[PDB]
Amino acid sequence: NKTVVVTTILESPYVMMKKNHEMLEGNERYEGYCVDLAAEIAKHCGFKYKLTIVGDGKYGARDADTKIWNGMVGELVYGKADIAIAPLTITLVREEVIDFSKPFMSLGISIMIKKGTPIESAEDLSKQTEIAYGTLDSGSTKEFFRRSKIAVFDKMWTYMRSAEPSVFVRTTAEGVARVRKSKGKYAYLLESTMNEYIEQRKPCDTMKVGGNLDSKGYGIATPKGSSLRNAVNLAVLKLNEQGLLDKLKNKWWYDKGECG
């Protein structure tokens, strides 16, 4: 038996550096929802594992010209990792090159505003110009807008792709900071899960507004032909059915929420 290499991403509250990480070793350096989930998946499937943080800090996209996959998807496609346990969105283009388990969490694209921003919906954002808006610069949210045929989102993509300066951000943290420092003049499009988490964090100056734009899931991903595929899929189902996944969401989102 070989130790399973797990690719993941520093994204709060999924995977975070522990405050005393420099004094700890291996998997013990990290904490969060996905750290807890990895330990359980490994236990139920009967494997030893090593958490690794994706080298380029990205989720996964295929470059238009080079056809090279980056991010966690790349690590799986190119054989650098055996499994991805992360807030990695199940999409058709990804499912064509890797396998996903059944989803372990639901989400949809959503709008983050600085409190008091006169925006209720995606329609509102598309109808006006004073408030800028954007997405994570690589990921499923950007691709949703790029590939969309619905009029509001098509109009939104047409604005976003040509906006100057760039409305796209390198990390979720950068998007959140931009909202917080822009005095209501920037709104951020991000997954409801991350939006909901930030809403419960000091300085309690952001909120989710409106309905989700779509409905999808995060899944645990393996390269095609992985011997882990079946066991991992069944483990996610078992953990959902036994109430663990709901427990972990409560633990990391709400139990220690900082906004009352």
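Start at 1 with the first residue shown and count on from there. If you superpose the two forms and keep the largest set of C-alpha atoms that fall within 1.5 Å, you have the rigid core.
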225-233 against 197-205 - segment lying farther from this form in 4 other deposited structures of this protein (CA RMS, rigid core fit): 197-205
Higher-deviation segment by CA RMS in 4 other deposited structures of this protein, core fitted, 169-177 or 95-103: 169-177
Mean C-alpha B-factor comparison - 65-73 and 52-60, higher one: 65-73
Of 225-233 and 31-39, the one with larger mean CA B-factor: 225-233
Candidate set 204, 45, 220, 194 [ranked by C-alpha B-factor, highest]: 204
Candidate residues 101, 172, 110, 158, the one whose C-alpha B factor the record puts highest: 158
CA B-factor ranking of residue 25, expressed as a third of its chain: highest
Third assignment of residue 19 from its chain's C-alpha B-factors: highest
Where the record places residue 142 (Cα B-factor, split into thirds across the chain): middle
Residue 83, C-alpha B-factor rank within chain (lowest, middle or highest third): lowest
Chain-relative CA temperature factor third for residue 259: highest
